[PDB]
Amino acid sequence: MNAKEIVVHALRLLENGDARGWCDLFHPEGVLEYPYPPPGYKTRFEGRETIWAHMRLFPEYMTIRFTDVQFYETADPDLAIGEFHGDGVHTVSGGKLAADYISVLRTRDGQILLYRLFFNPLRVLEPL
């Protein structure tokens, strides 16, 4: 798949609570980044296993759906840059996360080398 197809397939996996499948999309040496992380969190997760250690916990703590996926037109199909919106619900709290993302994804042969995901960490600290 090209980068834009991988992005949309990745969002679909997360919406279904399938964090294992989402991590499976990364290259073994692939990198997840949160350039604007919530206080305390790392900004960079290197390697598929390190990413999985982090993401495996998500499905139990939160449910999410995405909307408004829009891509800017790049030159190379293995790069996608898109904005979208996520609406998460904390399972225990009932608290809600409403986030506008911008993402940069670099792919190589159907696997993710870089998934750079900008969001406003203030939306995380202020559930609704």
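Sequential numbering from 1, following the sequence displayed.
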property: Higher-scoring stretch by recorded Cα B factor average, 32-40 or 57-65; result: 57-65
property: 114-122 versus 19-27 - greater average Cα B-factor per the deposited record; result: 19-27
property: Residue selected from 80, 102, 75, 51 by maximal Cα B factor; result: 75
property: Third of the chain, ranked by Cα B-factor, where residue 6 sits; result: middle
property: B-factor third for the C-alpha atom of residue 86 within its chain; result: lowest
